[PDB]
Number of protein chains: 2
Amino acid sequence: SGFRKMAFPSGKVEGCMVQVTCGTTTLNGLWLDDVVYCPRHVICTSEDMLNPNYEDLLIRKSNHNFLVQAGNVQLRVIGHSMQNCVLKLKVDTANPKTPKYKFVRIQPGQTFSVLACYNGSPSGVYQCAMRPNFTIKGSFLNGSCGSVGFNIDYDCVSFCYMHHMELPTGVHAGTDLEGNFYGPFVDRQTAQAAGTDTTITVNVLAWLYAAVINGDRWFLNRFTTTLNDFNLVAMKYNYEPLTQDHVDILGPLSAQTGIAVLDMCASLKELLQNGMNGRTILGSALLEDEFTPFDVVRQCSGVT
Amino acid sequence: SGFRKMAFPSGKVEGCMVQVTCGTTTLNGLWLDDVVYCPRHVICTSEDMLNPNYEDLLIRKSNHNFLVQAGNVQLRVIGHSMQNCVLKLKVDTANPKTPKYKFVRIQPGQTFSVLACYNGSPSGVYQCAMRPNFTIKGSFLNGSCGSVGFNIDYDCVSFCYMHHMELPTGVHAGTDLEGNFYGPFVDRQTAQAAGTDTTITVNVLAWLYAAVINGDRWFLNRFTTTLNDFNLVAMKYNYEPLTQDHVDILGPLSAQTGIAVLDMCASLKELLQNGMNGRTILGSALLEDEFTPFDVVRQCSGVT
Ligand SMILES: Cc1ccncc1NC(=O)[C@H](C)CC1CC1
Ligand SMILES: Cc1ccncc1NC(=O)[C@H](C)CC1CC1
């Protein structure tokens with residue numbers, strides 16, 4: 001029992017972190033096989049960042065200008081190329097610590113672990129959700145660019161995020177490992193609108209199931225609702241509309257606890273309309289949305 | 001910017017996890033040098049757990065009865081001994097992945113990362129505090145015993161906790177790496193009183209400083225207080241009394257933000273007396289106490 005905001009074990013990812021320097025800028029790279037992946041803004045100087053012409057900036061760079069250091073050993077760069085907003089530095093040595101891996105583009109509302117790094121060295125690991133508006137509320141300081149997000153299924157690391165930018169609002173934006181930004185963001189030091197965010201409804205319901213499994217039951221009520229009635233409340237409270245696909249994914253949790261998904265929706269409706277009344281659920285005084293139904297099942301069963 | 005409940009990178013600890021089996025019980029062990037450390041209750045059966053006679057139970061065991069498996073390779077046990085509530089299984093091979101390490105006994109209120117494991121395999125990592133009452137509010141299921149807590153200072157892992165038990169209340173109890181329980185707990189399946197817990201005041205103040213650094217400032221007020229006046233409020237709200245030693249440890253944060261520690265205490269006093277009024281601080285709707293002043297400084301400066 002107990003339910004925590006658990007991140008994946010970061011070991012397999014730690015072994016891939018490297019430091020990439022170009023000119024006076026240093027950030028993190030991800031060394032997988034004989035390729036080092038990093039944010040392309042490593043080639044920029046302060047004057048460039050307001051509106052960089054990345055193609056022109058990269059043309060002034062040669063393989064020997066990219067300084068790639070793994071721990072304390074230097075990697076020899078034998079190729080460079082830009083793919084969207086990432087640079088791929090081909091190196092003469094395959095990373096001996098390359099785990100089984102995939103590059104995946106996650107959907108908004110999905111969760112992942114971030115291994116925050118500075119100068120190619122890991123500082124910490126935390127779990128977060130990709131917001132419905134494609135931002136992440138992380139913990140990143142200057143130098144953390146190139147830190148990655150990932151999920152792990154037994155021995156396979158699915159890399160889903162690479163950190164690129166902090167918006168003027170203090171929220172974070174980044175790309176998949178092919179360098180495609182999540183959301184409308186561009187890698188420029190310009191004010192950029194992040195869409196209206198919403199609370200991830202299926203995740204809040206999943207976390208309410210986790211709460212019941214672990215003993216926090218005070219919010220269970222004698223009511224039920226419908227998808228239509230619930231979505232009218234979700235609309236008012238800026239929650240994502242619940243679909244049958246979300247109900248279907250909550251199936252295992254509904255089966256385990258014996259609480260029908262629409263009955264849990266009626267508990268969520270009452271909590272939205274009345275608040276917590278100074279009470280807590282799983283040590284939180286708000287409705288938590290950073291646990292997917294898969295996360296809840298995994299944590300509640302002890303999947304390794 | 002941004003502030004997250006960050007755990008240490010778990011890589012160095014993942015390389016030490018092993019599976020220990022004795023009879024029909026399997027749990028986790030920590031392999032450091034040529035020694036495997038694990039909870040002594042691995043030698044118990046269901047009939048024993050109400051009041052085990054560990055000395056007698058261990059006498060019936062020989063080196064060949066302890067099955068130690070690292071990933072998929074079997075370790076040869078050449079010695080066994082019980083030290084307090086841990087067993088130390090001497091093996092014929094030193095762990096090639098043994099990091100630089102220390103065994104430390106942490107103080108209540110201090111924080112650490114837990115690498116939850118099952119069958120010697122890591123499932124996740126989370127950060128937590130040792131409660132003032134010496135329990136931890138973790139996430140542990142049957143099979144997680146032997147999972148460890150730790151801190152990391154550059155290349156040195158300080159192991160501070162080994163998981164042993166879940167109290168009937170769903171809170172967790174364990175030992176230091178010499179097998180001494182934190183708190184009054186005994187390794188028996190018996191109802192055991194955990195002391196009255198309190199909120200870690202110095203940590204809440206540290207987190208309020210983290211909030212100001214990251215932009216959440218709505219709780220700053222035009223008031224000040226004294227240690228005596230603040231401790232009268234701390235008493236009423238079951239907060240640990242603040243001492244000058246706590247004020248001294250908050251020094252770096254008071255220096256950085258320019259907010260005198262007693263002025264931050266007056267903000268905390270107002271929050272305790274009036275609540276959040278439906279507002280949040282660093283994404284939390286309650287006063288967070290799982291960040292020490294050292295954790296805040298580290299996260300806010302990007303220490304690796
Ligand atoms: C400063 C910082 C703190 C946290 N995370 C990231 C950063 N870096 C940036 O946002 C730079 C300006 C991105 C570049 C325009 C492409
Ligand atoms: C079941 C479980 C779930 C989470 N964490 C730990 C456990 N195990 C125990 O509490 C056993 C009974 C301890 C033994 C008496 C010494």
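What is the set of long-range amide H partners of A:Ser123 at a cut-off below 5 Å, with H atoms built 1.01 Å from backbone N?
A:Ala116, A:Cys117, A:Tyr118
Where in the stretch B:234-304 are there chymotrypsin sites (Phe, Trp or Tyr not before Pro) that are in a DSSP coil and have at most 16 other Cβ atoms within 10 angstrom of their Cβ?
Qualifying residues, ordered by number: B:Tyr237.
When you look at the Cβ of every residue in B:118-131, what mean number of other chain Cβ atoms sits within 10 Å?
5
Around A:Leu32, which amide H atoms from residues at least 5 apart in sequence, or from another chain, sit under 5 Å from its own amide H, with H modelled in the peptide plane?
Answer set, sorted by chain and number: A:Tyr37.
Measuring nothing but label to label, 7 Å from Cα along Cα→Cβ, what are B:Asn180's distances to the other copies in nm, shortest first?
5.7
Whole angstrom only: what separates the Cα centroid of the stretch B:13-50 from the Cα centroid of the stretch A:192-222?
36
Would you tell me the mean number of C-beta atoms belonging to other protein chains that fall within 10 Å of each C-beta in B:7-19, as a whole number?
Average neighbour count from other chains, rounded to a whole number: 5.
How large is the Kirkwood hydrodynamic radius of the protein assembly as shown, in angstrom, based on all distinct alpha carbon pairs?
25.6
Average the reciprocal distances over every distinct pair of alpha-carbons in chain B, invert the result, and give the Kirkwood radius in Å.
Radius from the Kirkwood sum: 20.7 Å.
Taking only C-alpha pairs under 8 Å that are 6+ residues apart, what is the relative contact order of the stretch A:1-160 in percent?
28
Would you compute the Debye intensity of the stretch A:15-99 from its alpha-carbon atoms alone, equal scatterers and no solvent, and pass along log10 I(q)/I(0) at q = 0.15, 0.19, 0.22, 0.23 Å⁻¹ to two decimals?
-0.48, -0.76, -0.99, -1.08
What is the sum of charges around B:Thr98, taking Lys and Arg as +1, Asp and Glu as -1, for the other residues whose C-beta is under 13 Å from the C-beta of B:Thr98?
0
For B:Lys90, list the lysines whose Cα falls under 27 Å from its own Cα; do not include residues on the same chain fewer than 8 positions away.
Partners within reach: B:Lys12, B:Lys61, B:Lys100, B:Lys102.
Taking the Cα-to-Cβ direction at B:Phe294 and at A:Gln244 and moving 7 Å from each Cα, how far apart do the two end points lie in nm?
The answer from the label model is 5.6 nm.
Does a label point 7 Å from the Cα of A:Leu141, set along Cα-to-beta-carbon, have any residues of the stretch B:197-213 with amide nitrogen under 18 Å, and which are they?
So the set is B:206-213.
If r is the Cβ-Cβ distance from B:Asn133 to A:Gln192 and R0 is 45 Å, what FRET efficiency results, to the nearest 0.05?
Calculated value: 0.45.
Relative contact order, percent, of the stretch B:198-301 when contacts are C-alpha pairs under 8 Å separated by at least 6 residues?
So the answer I get is 48 percent.
What does the structure give for A:136-142 when I average, per residue, the other chain Cβ atoms found within 10 Å of the residue Cβ?
Going residue by residue through A:136-142 and averaging, the value is 5.
Using helices alone, I'd like the mean residue ellipticity at 222 nm for chain B: each DSSP H run of four-plus residues gives -39500 (n - 2.57), total over residue count, nearest 500.
Mean residue ellipticity at 222 nm (helix-derived): -6500 deg cm²/dmol.
If you average the sequence gap of Cα pairs under 8 Å that are 6 or more apart and divide by the length of chain A, what percent do you get for the contact order?
17
What residues from the stretch B:152-167 fall in the zone where the backbone N is under 18 Å from a label point 7 Å along the Cα-to-C-beta line of B:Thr98?
B:155-160
Treat each spin label as a single point 7 Å out from the Cα along the C-beta direction, and report the B:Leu50 to A:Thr169 distance in nm.
If labels sit at B:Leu50 and A:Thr169, their model points lie 6.0 nm apart.
Could you sort A:172-185, A:72-85 so that the peptide with the highest average Cβ count within 10 Å comes first and the rest follow in order?
The peptides rank, most packed first, as A:172-185, A:72-85.
Evaluate 2.2 N^0.38 Å with N set to the residue count of the stretch A:198-301, then give the Cα radius of gyration divided by it.
The stretch A:198-301 yields a ratio of 0.95.
In nm, to one decimal, how far is the B:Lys61 label point from the A:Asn84 one, both placed 7 Å along Cα→Cβ?
Here the answer is 5.2 nm between the modelled labels.
How about A:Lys269: which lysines have a C-alpha closer than 19 Å to its C-alpha, ignoring those fewer than 8 places off in the same chain?
Hits, sequence-local ones excluded: A:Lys236.
How do A:226-235, B:147-156, B:260-269 rank on mean C-beta neighbours within 10 Å, highest first?
B:260-269, B:147-156, A:226-235
Students often get this wrong: which residues of the stretch B:144-181 have the backbone nitrogen under 16 Å from the point 7 angstrom along Cα-to-C-beta of A:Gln256?
Within reach of a label on A:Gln256: B:144.
Give the cross-link partners of B:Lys97 among the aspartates and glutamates, using a straight C-alpha distance below 18 Å as the criterion and excluding same-chain residues fewer than 8 apart.
Partners found: A:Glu14, B:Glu14, B:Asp33, B:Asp34, B:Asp153, B:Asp155.
Considering only C-alpha atoms, what is the centroid distance from the stretch B:136-169 to the stretch B:267-304, in Å?
If we compute the Cα centre of each part, the gap is 24 Å.
No value in this document is a laboratory result; all are computed from the given coordinates. Virtual Cβ from ideal backbone geometry, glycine too; neighbours counted across all protein chains shown.
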